[PDB]
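Structure first, then comments.
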Amino acid sequence: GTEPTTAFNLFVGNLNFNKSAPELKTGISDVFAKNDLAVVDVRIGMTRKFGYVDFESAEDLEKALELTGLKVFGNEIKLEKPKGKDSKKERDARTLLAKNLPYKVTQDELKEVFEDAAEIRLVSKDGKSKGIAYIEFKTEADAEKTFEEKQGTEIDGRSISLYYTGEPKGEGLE
C-alpha cells in the first residue's frame, strides 16, 4: 500500500521505459480520462515498464478491462488483474504462471524444470519473449507442487521465478 487510496486497483504493464517515474502516471491516467474513466491514484514499478491503476469504484476499474485502445507515450499499455483468493482458485489453479524470464527464453527452456508437466505455452510477440510463461499441469496438486519445488532454477544465466494464477471469472463465461 503506502500509495493507493482505494482498494480497487488493477495490474498494468507496457508503460514504456523511457520517461520518468511520475511522468508515466500522467499518461496512464490520461488515456483512461479519454474513455470516460476516473483514476484515484496510479502507481509505477521500479523498471518503469509496469505498474498499477486505482479506480474510485469497481465500475471504472473493470470498465478499463472492457474498453480498448489504451496507449501512452506511443506504446500500448496492458491491463491485467493481480493475484487474489477464492474457492474458484481450486480448478483455476490447474494452470501455473512463470515470471522473470529473458526475452530469448523458450518453451523447452522452462520445461527443463516442469518437463513432466502436461502442456506448455510461452508468451512471445514480434519473435521475442515478453517475460512470462503459462503452463497447464495435469492437476493443481502436481503443478503447485512442481513450481514450489522446482522454483529456483537457473535459465539463461538468470533465475526464473514461479507462481500460480487462474485469473478471475469471465474466462469461459464471456
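Rounded to whole Hz and in sequence order, give me ³J(HN,Hα) for region 37-43 from the Karplus expression 6.51 cos²θ - 1.76 cosθ + 1.60, θ = phi - 60°, writing x for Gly and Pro.
Those phi angles translate into 9, 9, 9, 8, 5, 10, 10 Hz.
For region 89-165, what is the relative contact order in percent, using Cα pairs closer than 8 Å and at least 6 residues apart in sequence?
Relative contact order, region 89-165: 45 percent.
Calculate the radius of gyration of the Cα atoms of region 89-165 to one decimal place, then report Dmax, the largest Cα-Cα distance, as a whole number, both in Å.
Gyration radius and largest Cα-Cα distance of region 89-165: 11.5, 34 Å.
Using +1 at the Cβ of each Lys and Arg and -1 at the Cβ of each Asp and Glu in the chain, identify which of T47, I135, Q107 lies farthest towards the dipole's positive end.
Result: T47.
Remind me, what semi-axes does region 1-135 give for its equivalent ellipsoid, largest first in whole Å, using sqrt of 5 times each Cα gyration tensor eigenvalue?
The three semi-axes for region 1-135 are 29, 19, 13 Å.
For region 1-54, what is the relative contact order in percent, using Cα pairs closer than 8 Å and at least 6 residues apart in sequence?
With pairs under 8 Å counted, the relative contact order is 51 percent.
Under a 5 Å amide H to amide H cut-off, with H placed in plane at 1.01 Å, what residues pair with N14 once short-range neighbours are removed?
Those qualifying (amide H under 5 Å, at least 5 residues apart or on another chain) are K78.
With Cβ to Cβ distances under 11 Å as the rule, what net charge do the other residues near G1 carry (K, R +1; D, E -1)?
Net local charge, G1 excluded: -2.
For a test of understanding, tell me how many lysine pairs in region 11-101 have Cα atoms under 19 Å apart, given they are 8 or more places apart or on different chains.
26
May I ask for the distance between the Cα centers of region 1-24 and region 102-123, given as a whole number of Å?
Each part's Cα centre sits 29 Å from the other's.
Trypsin sites (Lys or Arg not before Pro), restricted to region 67-122: which are DSSP loop and have at most 15 other Cβ atoms within 10 Å?
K71, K83, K85, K88, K104
Counting other beta carbons within 10 Å of each residue's own, what order do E109, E90, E144 fall into, fewest first?
With the fewest neighbours first, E109, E90, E144 line up as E90, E144, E109.
Sticking to Cα atoms, compute the Rg of region 61-120 to one decimal and its Dmax as the biggest Cα-Cα distance, whole number, in Å.
16.1, 43
Based on DSSP H runs of at least 4 residues, each adding -39500 (n - 2.57), what is the mean residue ellipticity at 222 nm of the chain after dividing by all its residues, to the nearest 500 deg cm²/dmol?
-6000 deg cm²/dmol
Could you size up the charge dipole of the chain around its Cα centre, putting +1 on the beta carbon of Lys and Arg and -1 on that of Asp and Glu, and report it in debye to the nearest 20?
Value, rounded to 20: 500 debye.
Can you list, bin by bin at 5 Å, the percent of alpha carbon pairs in region 8-81, starting at 0?
Pair shares across the bins are 3, 19, 34, 27, 12, 4, 0.
Quick one: which residues, 5+ away or cross-chain, put their amide H under 5 Å from the amide H of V72? H built at 1.01 Å from N.
Under 5 Å from the amide H of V72: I77.
For neighbour counting, all protein chains shown are included, and Cβ atoms are generated from backbone atoms with ideal geometry for every residue, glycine included. Any read-out appearing in this document is the output of simple, stated calculations on the displayed coordinates, not a laboratory observation.
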